[PDB]
Each structure stands twice: as C-alpha cells, then as structure tokens.
2 protein chains.
Amino acid sequence: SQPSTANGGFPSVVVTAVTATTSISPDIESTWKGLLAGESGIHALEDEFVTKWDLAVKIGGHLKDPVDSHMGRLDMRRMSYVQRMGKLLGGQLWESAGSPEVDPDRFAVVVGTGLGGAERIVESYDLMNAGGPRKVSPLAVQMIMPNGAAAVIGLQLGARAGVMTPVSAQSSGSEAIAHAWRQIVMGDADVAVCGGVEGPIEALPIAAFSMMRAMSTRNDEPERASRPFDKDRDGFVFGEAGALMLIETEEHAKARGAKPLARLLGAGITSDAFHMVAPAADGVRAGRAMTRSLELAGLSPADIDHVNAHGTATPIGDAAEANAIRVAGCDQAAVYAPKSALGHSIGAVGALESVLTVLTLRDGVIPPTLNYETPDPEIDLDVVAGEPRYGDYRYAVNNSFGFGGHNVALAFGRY
Amino acid sequence: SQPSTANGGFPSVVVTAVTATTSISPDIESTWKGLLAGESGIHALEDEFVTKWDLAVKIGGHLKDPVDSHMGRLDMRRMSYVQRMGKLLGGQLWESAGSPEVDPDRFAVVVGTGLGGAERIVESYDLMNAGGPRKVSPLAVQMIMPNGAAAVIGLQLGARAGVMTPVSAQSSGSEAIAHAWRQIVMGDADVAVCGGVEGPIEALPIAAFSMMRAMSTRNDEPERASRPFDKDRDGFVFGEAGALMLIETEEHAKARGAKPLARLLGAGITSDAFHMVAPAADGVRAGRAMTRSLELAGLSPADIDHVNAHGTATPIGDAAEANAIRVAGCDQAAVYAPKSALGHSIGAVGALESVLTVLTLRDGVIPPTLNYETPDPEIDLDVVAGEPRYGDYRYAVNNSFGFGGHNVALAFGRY
Ligand SMILES: CCCCCCCCCCCCCCCC(=O)O[C@H](COC(=O)CCCCCCCC[C@H](C)CCCCCCCC)COP(=O)(O)O
Ligand SMILES: CCCCCCCCCCCCCCCC(=O)O[C@H](COC(=O)CCCCCCCC[C@H](C)CCCCCCCC)COP(=O)(O)O
Ligand SMILES: C=C/C(C)=C/[C@@]1(C)SC(=O)C(CCCCN=[N+]=[N-])=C1O
Ligand SMILES: C=C/C(C)=C/[C@@]1(C)SC(=O)C(CCCCN=[N+]=[N-])=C1O
Ligand SMILES: [K+]
Ligand SMILES: [K+]
C-alpha cells in the first residue's frame, strides 16, 4: 500500500501562521469575525473609471486597507502591484509566526497569481510608443514576470529551497499550497510560505470578464449580488484579496514552539480536458481531485465534515461543483461558499479560502453563505446559511477550479 | 535511505518522443544535424521595427519556420501566439509518438512559459482606449492567461491528470519537465507532455531586456555574438524556440512498444535568495539543485559525463555557473552551451536544452560550443568546441536558471 499522511508515508505537515488582506479587513482575524457576523465586503464601486467607461458592472469589493498605503516611494517605482502585495503580506506573515530563524536551505516559497505585473506591460508599451526604447525601465522585466511576487517574497524572507509560481487562473492560490505541500513531503523543504496574490479591480479586467457575460450586474444591491448555490444566482463578483500561510513539518513546528492552527494532509490536482472556460458538467475530474486529496491524506469521504466550495455563483460553475462533490462522496459535508461575502480574487482566492478552511477547523465553526435564499434542486448540498454552524469539524476539503479545466482540492485536518 | 531511481524507490521514467522548433529548423532532427555541423541560428534582424526604433540590438534568431505559417485564420484571432505554438508543437509531438491512445486520467501536461499571451493584453488595452469596454474580445481572458498554452495542449491531447504551468522566467521550460517527472513518480500520472513555449523576438521585449545592459551588441558579426564561457563574451542573444517532450513510466512505454530515447532520472529545484536579476556569485544553491537531481537519480557526481550548461554568455552568469558546477562536483564533465548557436528563448529554453541533452545521450555525441576561442581562467571547464565530440555518454545534467534566483537541474541517462 502507498504512502499517505495517516499511515506515516508522508511526514505530518501543519499550518502555523496565516495572513490575508480582504474587502472586509486587512486583519485576517477581523475578516473572520466579520464573516461570522454576516458581513459582506461587496459595495458600489465609486472609482472614476466606472463612470468614465459607463461599465455594466458597478459593484465589487476593494481591499478595506489599500496595499499602497503601506508602500514607500521606491517600492512604488520598483515593484508591480502584485509584488507590493506579496512584500506586504510576506512581512506580516513572518511577524505573525514570531519571526523564526529557519534554515534557509530548507525553506521554500510557492505563490501563485493569475496574471502578474500586467500594469507594467501596458505602462512600458505606452512609454516606448511615446518616447522610444530608452524610456522603458531596466526593472520592467522583473516587475512584469509572473514569478515576480513569489521571487520578492523569497528574497524578503531568505528562501533557498525553491521559489515557485504555478499559474492556473482561478485555482492558482490553492495550487501553490498544494505544490508547497508536495515540496515538503518529497523532502526538499521543511517549511514553506505559500498562497496567492492578485491585482485590484480596474476597468480593463472588468471589461474583459464582462464580455464573457458571467459577471453579476445586480448594481442596486451590491451585497446581494454574489449568490453561490442560490437558485437566482447570476454570475460572479470581484472581491480583492491576497493570502499567505506558513506550513512546516510537525517536528519543525514543535522544535521552535509554534502552535499549529491545523494540519495540511493532502492535495489533489486533476484537469477536465473538456472546455477552456466551462467546467465539465459531470464534475468527474473535479471530484477526482477531491478523492486524490483523501487518498494522500489517508481519509475516506465519510471523514469529511466540511467543504469550502469554490462556489463562484455562475449557473454552470456551481452546478458542476455540486456534481463533483457528489462524485467524491462528500455531499453530506456542511458547505460554505465564501465568495458570497468576499467575492472572487482570481489567483489569490484559493489561498484565501484555504486560510478560511484552516480557521473553520481551528474554531469549529462555518460562517453563513450569504444570499442563500432559494435552494436549487440541481444543487442538493448542505449549504450553511442564515447563521454560523458550530461543530467539531475533524476534516475539511477546500476546492478551487480554473479556466483551462484545472481542479485543485486540499484536505485539511483539525490539530 | 530515501527513494531514488537507481534503488527502485521511484519508478523508471523514460523520454519517448521530442519536438522543437528553432532558429535553425522546424524539425528537431535537422536542428541537431545543423548543431553538429557547427551551424548558428543567429543573424542580422531584418524586421522593420529595428530601424523604426533604432534598436541597440540588431541581431537574433527568428524561427526558421514561423509558427503562423501553419495556423488557420480562426486560431490567429482566437489564440495567443504561445497558444498557437503549443497547439503546433503538441500535435507534432503526438504524431511523433505514434498518436498513442493513452488513459486520459493518467495523462498530465506541464508546460512553462515566461509571460503568456501578453500581446492580447496590449491589444485589448488599445481596443478599449479607442472604442470602450465593449470592444474587448470575449476570448481575451482565455488568450491572455499564462496557463493558456498548457491548457490548449491539455485540451488538444485530452490530458485529465493535471495541466500545470510553472513560471520561473528563464528556467520555466526545465522546471516544467521537473514537475512532470515529480507527478509521475508520486503516482499522479503515468505519461506527461512537458516543456516550454515562448513568444517571438519583437521591439518591446528587446527594449526591455536591452535596458538591463546584459545583451550582446556585436551587430556586425551576428553568428559570433553569443560566446558562452569565452573570455571575450559580452552578453546574451535571443534565439526563438519552443520544445516539448513525451515522458512516461518505462512500464507504460514497453506496454505500447515505444522505444525510449533516454531516461529522466531526477530533478532538483532550489533558489538563491540573493538578487532578483543577478545569480549568486558562489554558485552554491545552483550547485545544490544539481546535487539534488543526483540524490533523486541515485547518482554521484563522479558518474556525470556531460553538463548542458545554461551558459547565457553574460560575464557574471557564466562565472557563477562554473562555480555551481564545481560546487556540485561536476567540473570534470564535458560541457556544452547550446545558446552559443540557438540563443536564448526564455521560457522555452530549458525545455529545448533538455531535448538536446536527450539527443546527446541517444546519439553519443556533443555538438561544439560555438565561438569558444579564448579560455577564461575563472572558468576552468572542459568546454566542447571546434568539432562535435563523440563518446559513450551515460549520464548528463541539464542546468537552467531564471530571474528571481530559480535554479533547476535535470539528470538524464542513456537508455
Ligand atoms: C479582484 C480583482 C481582480 C482583477 C484581476 C485582473 C488582473 C490584474 C492585473 C494587474 C493590475 C494591476 C493594477 C495596479 C496599478 C493600478 O491599479 O493602476 C490603476 C491605473 O490602471 C491601470 O494601470 C490598469 C492597468 C491594466 C493592466 C492590464 C490588465 C489586463 C487585463 C486583461 C485584459 C483581462 C484579465 C485577464 C486575466 C487572466 C488571468 C486569469 C484568468 C490606478 O492608477 P493610479 O491611481 O496608480 O494612477
Ligand atoms: C526569443 C524571444 C523571447 C522574447 C519574448 C518576450 C515575452 C513575449 C511576450 C509575448 C509576445 C508575443 C507577440 C506575438 C504577437 C506578434 O508577434 O505580433 C507582432 C506585432 O507586435 C506586437 O504585437 C508585440 C506586442 C508586445 C506585447 C507585450 C510584450 C511585453 C514585454 C515586456 C514589457 C518585456 C518582457 C517581459 C518578460 C517577462 C518574462 C520573462 C522574464 C507581429 O505582428 P503581425 O506581423 O502579426 O502584425
Ligand atoms: C474550465 C472552466 C472553469 C473551471 C470555470 C469556472 C467554474 S472556475 C471560476 O472561477 C469560474 C467563474 C467565472 C470566472 C471567475 N473569474 N474571475 N474572477 C468558472 O466559471
Ligand atoms: C537571479 C538571476 C539569474 C539566475 C540570472 C541569469 C543567470 S538566468 C539568465 O537566463 C540570465 C541571462 C540574462 C537574461 C537572459 N534572459 N533572456 N532572454 C541570467 O543573468
Ligand atoms: K474554496
Ligand atoms: K542547459
């Protein structure tokens, strides 16, 4: 029989610190308390750009505390936005972990993002068109490259056991934590900072996603717009975020006196080979990512108390995910869809939701899924709604999926 | 004692097909013959953009056979360039493999790239500036996303065991092969298509890299410009490429009667935590990636016959790599630097050089490193030059490094 976390074939990996910035709060513990209290981060957008272009979408969640309020003159000129978010969160995470001195040669970083420093592409383009090739910054390459945010964090914190950036669109932040877990269990690292970062809401990203016709335009009631698993859902809402966690072997954590928040037990990654921007309706490969995380953890489907759904509030996305949860045998788990309150942050969002899954285990509580008002018969799931649901949750799976047909499931356990 | 390939703790993984397009030829077997004969793909750039912008760099290698001569007009509008390259190479590779019918649920794709569909970002930007948000293509997101090429190949070939895109700048194409090897040995796939693709030489990328002051400007003698490990080297030269290989367990290859070209034995990934765009002068972490690939292969450095150097021909880059090769105990091996003839293709280049490494082992021959005329005493390496060198090569390491401080080494063996 093959190695699992349960049979001791893989070393035990624990989560020992988490950090996130969201549309509710810069403080992840305050985001968590706000979720439990039924708070939404989704508001009318007041940006000039909305009026300038008369955008059909006029709602979204900007960060409560803008990243650039924390950035000095040189950081504004030498990093792209996702790099600035990565530096800010990396520093916060390391402080939260008690600023440990670790062996850099056993310390990895794995941070996903959906796109990278794209604003610096269009700035460089305009600069060159206006003034020629000598107007392009010598730092343009290193700001633009999508591994840029990960590399910033690796340099900031001193990681020498690998710095990796997987990109898989809306699953990138979960996929990064999966690859960090693989790097540890394969013996290449003992500690890893991992998660996802993403840019802010801006006109051109809203335009591009709007022409796919999958965004909510419930502009008169922003907080009611994101309705994952609800019968009247009508597309997703942007909500800014970035999120990192620190994971390490249990023996490394114990040696330094760190108190684990949860266990990261297993990771499954599959793909649909179905359609570029629609999930397979049958949920089969997505369900197999969940199953694979269980096999690696040493769990059975009946052990899973909780699923943190990718739950984007698109009609076809939530339906496919409900089928995937059935395929995995996890459809008696209690389900939360955090995008109901925090919206969608693309490359960051699977990291953010993995951090929420950790807090559910730590605190034995699931926040209500907002806007869940009319159960949908196609979606036969136990969606937590109305008020928090408390329980002694032992094991949970966090789901994330991405354009391209990427499926990533992470299996966490209570510590 | 940890698993290794030699001790059977990992399954045997073989390379069973390769495909590449380069500045010398669209046909990898012709490229290889051309390399052996001392041919270079690097010429004067005749593009009008060179004179338009008066670019300081007026040399490079465009593909001998442009991707778009093979593309229908629908793909020209609805795929990014790296997606079109991935479709072209993925189809060619599958035909070369005998178009096998594999279990899709055991078939993964891992393809790296330095940036993704970035020309569609500037196009969407211009369209919106000119005509408003409803002029953005409904296909823009799926063309732009940097996972787009890997996803096109996953859908084209039917890969359901995961589609991954590692981004690590100039090491992405080797990093992809490392991750595909890890995925098979961890039991998540039995067969994988892997490698790297990258865009073409164009004015803005030239401007951006040239402003970093590390490119060769030997414009009057284009084929003499790229001189890795030469005492008179004066920086790197772009040479377009894309490359993919098919790897699978030896059992899977034997069952379908595929003849292997080589063995993929081990992979090591580390990071410098030194500087964003200069390698660590000591070569210590880069050397450790080499050592890690040997630990996983079950080899010692005294086993290594051949190193395929990253060898970009920058003064500091080649010096650091020579130190790395010493740190790893690999400095008695025969060294080849293919960028001397094919130039640098960023995200594709490590995949291309992995394919060349396979060919060396298959054919018992190393091509000459072009332009290698004056040995540099700080480089005390056995650089192959003048003539191809025939030998009974059994084990080789392919090196690739990337902005960010990424180090990737792959250990290959003769079949
Ligand atoms: C939760 C939101 C998620 C959206 C994610 C989209 C990806 C974001 C990409 C990076 C955005 C960074 C923006 C930071 C700087 C900033 O904001 O600068 C504004 C001025 O606008 C700009 O420069 C806009 C620049 C546009 C850059 C190109 C965007 C291309 C978007 C694509 C066409 C569509 C999205 C593709 C996603 C692919 C991957 C995921 C499937 C304030 O200027 P000022 O006050 O400082 O003067
Ligand atoms: C081996 C070279 C490697 C360099 C690659 C660098 C990155 C590649 C990025 C993608 C490039 C794809 C270009 C394909 C389309 C094409 O060819 O269109 C031309 C017309 O020009 C354009 O639209 C070019 C517009 C440029 C797009 C933005 C590029 C941004 C470059 C960054 C500012 C600098 C490089 C960043 C690298 C980061 C990652 C690696 C560290 C023919 O047009 P036509 O004859 O069909 O009319
Ligand atoms: C293969 C396509 C997939 C998995 C599509 C999904 C379900 S994954 C996902 O995040 C969405 C929501 C729409 C796009 C959200 N993007 N943003 N932000 C989907 O429709
Ligand atoms: C951390 C920085 C590193 C590894 C830089 C290296 C050695 S990696 C690499 O390919 C180069 C050459 C310069 C850039 C070439 N890029 N392109 N094309 C370097 O200088
Ligand atoms: K989730
Ligand atoms: K190489």
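No hydrogens, no waters, no symmetry mates; every other heavy atom, side chains included, goes into these values. Lettering of chains follows the sequences in order, A, B, ..., and the numbering in each one begins at 1.
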**Request:** Return the option, out of A:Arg182, A:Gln2, A:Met212, A:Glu175, with the maximum number of heavy-atom pairs under 4.5 Å with chain B.
**Result:** A:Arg182
**Request:** Please determine, among B:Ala140, B:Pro3, B:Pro146, B:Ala208, the option with the most heavy-atom pairs under 4.5 Å with chain A.
**Result:** B:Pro146
**Asked** With respect to chain A, which residue among B:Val408, B:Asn147, B:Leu115 yields the maximal number of heavy-atom pairs within a distance under 4.5 Å?
**Response** B:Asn147
**Heavy-atom closest contact (A:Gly404 atom, B:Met145 atom, distance)** = N-CE, 4.0 Å
**Request:** For A:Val185 and B:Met186, run side chain to side chain contact (heavy atoms under 4.5 Å, CB included): C-alpha distance rounded to whole Å, both residues' side-chain angles, the deciding distance at 0.1 Å, then the answer.
**Result:** CA-CA 10 Å; A:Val185 300; B:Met186 293 181 76; 4.2 Å; yes
Checking heavy atoms, do the side chain of [X], its backbone, both or neither come under 4.5 Å from chain B?
| X | result |
| --- | --- |
| A:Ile144 | both |
| A:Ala203 | both |
| A:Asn129 | both |
| A:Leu55 | side chain |
| A:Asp105 | both |
| A:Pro104 | neither |
| A:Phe274 | backbone |

**Message:** Walk me through whether A:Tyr125 and B:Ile121 qualify under side chain to side chain contact (heavy atoms under 4.5 Å, CB included).
**Reply:** CA-CA 10 Å; A:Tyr125 183 70; B:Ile121 297 176; over 6 Å; no
**Asked** Do any of residues 130-139 of chain B have a heavy atom less than 4.5 Å from a heavy atom of chain A, and if so, which, in residue order?
**Response** B:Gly132, B:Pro133, B:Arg134, B:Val136, B:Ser137, B:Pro138
**Message:** Can you tell me which portion of B:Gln183 sits under 4.5 Å from chain A's heavy atoms? Options are side chain, backbone, both or neither.
**Reply:** side chain
**Request:** Please look at B:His275 and chain A and tell me whether the side chain, the backbone, both or neither of the residue comes under 4.5 angstrom of a heavy atom of that chain.
**Result:** backbone
**Message:** Report, in residue-number order, which members of residues 167-174 of chain A are under 4.5 Å from chain B by heavy-atom distance.
**Reply:** A:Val167, A:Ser168, A:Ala169
**Item:** Steps toward side chain to side chain contact (heavy atoms under 4.5 Å, CB included) verdict (B:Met276, A:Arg78)
**Value:** CA-CA 12 Å; B:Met276 187 65 70; A:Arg78 294 177 178 186; over 6 Å; no
Show me the donor-acceptor pairs within less than 3.5 Å that the side chains of residues 148-166 of chain A make with the rest of the protein, sequence neighbours left out.
{"residue": "A:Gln156", "atom": "OE1", "partner": "A:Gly91", "partner atom": "N", "Å": "3.4"}
{"residue": "A:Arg160", "atom": "NE", "partner": "B:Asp272", "partner atom": "O", "Å": "2.8"}
{"residue": "A:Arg160", "atom": "NH2", "partner": "B:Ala273", "partner atom": "O", "Å": "3.2"}
{"residue": "A:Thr165", "atom": "OG1", "partner": "A:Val111", "partner atom": "O", "Å": "3.4"}

**Request:** Enumerate the residue pairs fulfilling salt bridge (charged side-chain N to carboxylate O under 4.0 Å, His left out) with a member in residues 289-298 of chain A, sequence neighbours excluded, ordered by first and then second residue.
**Result:** A:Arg288-A:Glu295, A:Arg292-A:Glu295, A:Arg292-B:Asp188
